[PDB]
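A lone chain, given as structure tokens: the form deposited in one PDB entry.
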């Protein structure tokens, strides 16, 4: 709940990966987070009943509703939607006021992936999200998807952003000079707390290169270590890393970098009801889509963090007061677009979810839509991003949802031929990245969903042997056969042969065309992958 007693010298109110989600919505955690044996059972790879047990969270509680897919639909009906900028603002303000009334010091920290991927964002090229950050009063933020707006727009938006953007790693690609401050030291009574920022290191290979030309985001352990050391030389007693590296990478850094007391981990969209102790560092994840506000109270000492209290505060719009200024602001911004954004396109008869290592009902729906409009397509590759939303049974799908699921600034759907060998290699290559069993390199991640294909995955097999028994359209994969593929949200088209006469157009236009026509959809979970050595789980899709 929200009525917490005072604790410590400083309070951090942290959220991450909002992905421009302006309104209350639903967001189910993944039914599977598959890992090779060495990585199983650790934060970042917990789901379902196991995550509840790991954290000692009772089944059926508001925290259980946020934390796991177990009982999802039932709990969504019980507790209501999560997030919304209005409710998140109300909660942040409630907590900050409480802390300041106690004579405490509070900082509002945003872990990045904030400005993009929503109707509000696309309609304003991120501007409305920044204006919202300003209404709440965000002290710092880091970045990742922000860069898909392009360097020019990001700089414009940083002019508007009243908080202080941090990043030790964004440097010029020719001279190496950092473009932003690495950290900021804040007075917390008699102590000094440094907030160091880290943006996603893989922006260049993850998005169109044009968006970040002239910049390097490379993970630079030396530069990070020197930043931590410098903050301490300037008087910082404790050091907090506001990170967008991904939680597993943050855990690896905790064992390599000296002096990081706490890491606020974004990117992987994880939940950590209790902090994860790695080396001499505590790690707290930032969740996603506005579902939670992480309150981290710190008892500091001359040399670091003596102790801390972590609470995952559910952002439940039905259980929080309104932030009137935010409600009014959103009304002003979207009044002209409400018809477009909220009119039903179709009704979903069952649960549409996005997150999972391998398969989702939302991605299957997209595959069906693509094949319905382009019957020549044999395989549809959907991007396994961790942002999105969840549609409940009987709920209408709207344009706002389409933008929540497919609101890339580069949303083009591409149709192109791939040889069978390429299809298999694409999956094997992703598997090698997502599943490496070497704890030194593991970072995790999700696998592209390929509608029209079925395969067997063995996460523990050697590279080159993880993907087997591939079948396309009920027939064994023919390595030399040319198959017509479709893909959006990535770079797969670069190794294909473009379909003659086809003009790439936004995936959401294709989806809206399909949905308007069909009126109602019913996508029951029918996973197309068999996982060796694991039980593949599914949620309950009715109710």
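Rigid core: the largest C-alpha set superposing within 1.5 Å between the two forms. Numbering follows the first chain given and starts at 1. Only residues modelled in both forms are compared.
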* **Of 174-182 and 406-414, the one with larger mean CA B-factor** => 174-182
* Please work out which of 2-10 and 534-542 has the higher mean CA B-factor as recorded in the PDB entry. => 2-10
* Out of 94, 113, 139, 368, highest CA B-factor residue -> 94
* Asked: Looking at 297, 71, 226, 146, which has the highest CA B-factor as recorded?
  -> 226
* Asked: Based on the entry's values, in what third of the chain does the Cα temperature factor of residue 236 lie: lowest, middle or highest?
  -> highest
* If you rank the chain by CA B-factor, which third does residue 516 end up in: lowest, middle or highest? -> highest
* Asked: Lowest, middle or highest third: where is residue 45 by Cα B-factor in its chain?
  -> lowest
* To do: Could you say whether, by C-alpha temperature factor, residue 483 belongs to the lowest, middle or highest third of its chain?
  => middle
* Relative to the other modelled residues of the same chain, rank the CA B-factor of residue 248 and answer lowest, middle or highest third. => lowest
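We do not show the form deposited in another entry, though everything after this point is about it.
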* Structure fact -> Shifting its Cα by 2 Å or more between this form and the one not shown with the rigid core aligned, the only one of 339, 152, 177, 438 is 438
* Asked: Closer or farther apart in that other deposited form, the C-alpha atoms of residue 243 and residue 444, for a change of 3 Å or more?
  -> closer
* To do: Classify the change in Cα distance between residue 201 and residue 443 in that other deposited form as closer or farther, relative to the shown form (magnitude of 3 Å or more).
  => closer
* Asked: When the two are fit on their core, where are the runs of 3+ residues whose C-alphas each shift at least 2 angstroms between this form and the one not shown?
  -> 437-445
